[PDB]
């Protein structure tokens, strides 16, 4: 409410360093700033966004924000040109949706190969030598590589290496009908990983926590993680280097590059309080450093502080894997891409389906669920569950998109409920709700539009 900014950020980031920026904002303003890191906040936000229980500011990679923006869930970001010139232009590209800036870019993230120099002074240049490397390391009682296999964010670089892609980009924007998840490149990539499991070089149940504790206790020679993981490795007794990810079939693995961004809730009563903290407190040299001290940000978007961080060879390696990778689209159809790839990798890793059944299933489901967003606002009110039931698409990854779209539609009805009570609300979500509620909603919609002038 008024007199407080509640901020949502994921738990693997420096929320205590971010809180320290919230203290300094309170010493000058008296305004209290609370930072919390809820479980599944990226899925919890579309549930409580337009309600009085949503955050004022939400921190996540830029790929989740276009679904928020298209729903009208976030207020438009309009900094002065003098403030925009303080950040790199490509960071603003990642937060521009339909010509509108929708968030504040914070830092550039990219996965890197992190290795123990004591167990491995020269890291492998190719994926293909980890099998032979692991055998020599399992004789030593250890393993070669352990990383999170439960999230496709970590496994996508190998899948993308030989030619996999999410949505084909061609001349200005992406084609959601062109998904490259089961092409010859993505199959060879996922086959190599599955080959590592069946050959006893990796465990299919390895997650983030096990892979981190194994590397930080010297049990595996390598892991794959981002800049946020460096702080936990510093505290342990391992001398580590970070460098390029291995190549596959002679081509560099292409990770999905995420730009950590801060979006402002369109239903927040303290939008101006949020921009002042963001523009004049966090996005400063001493604000970024308070967070980077907690757990590192990576290549920050602030050009002044990025001069100091570019010295770090760990930052240079992050940028090298980011140029070899590709930036994530911010389109709402990314949620459909992820949900379908998570199931394909887990099913192929556990052997429940072959690499071919897994990647062909995800290809059709990701291309089918992508079209649901094109009619999310068209389906008339009270009819979304009826619409879903009629289609009969009973696939887990497709209905995960149906549920989120249903969550998006509910928040637009909350925005209309507040807007009718002269409360803070996003006008785009108000109109999106009104334009699916019959002829009287379209009269109330346009009548409103005509008084705005």
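Positions refer to the first chain, counted from 1.
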Regarding 389-397 and 419-427, which shows the higher C-alpha temperature factor on average in the entry? 389-397
Comparing 307-315 with 274-282, which has the greater mean CA B-factor as deposited? 307-315
Criterion, highest CA B-factor; candidates, 151, 93, 109, 205: 205
At the C-alpha atoms, which of 246, 157, 226, 172 reaches the highest B-factor in this entry? 172
Could you tell me which third, lowest, middle or highest, the C-alpha B-factor of residue 51 occupies within its chain? highest
Binned into thirds over the chain's modelled residues, the C-alpha B-factor of residue 22 lands in the highest
Can you tell me whether residue 364 has a C-alpha B-factor in the lowest, middle or highest third compared with the other modelled residues of the same chain? middle
On the chain's distribution of Cα B-factors, residue 450 falls within the third called highest
Classify residue 30 as lowest, middle or highest third according to the C-alpha B-factor given in the PDB entry, relative to its own chain. highest
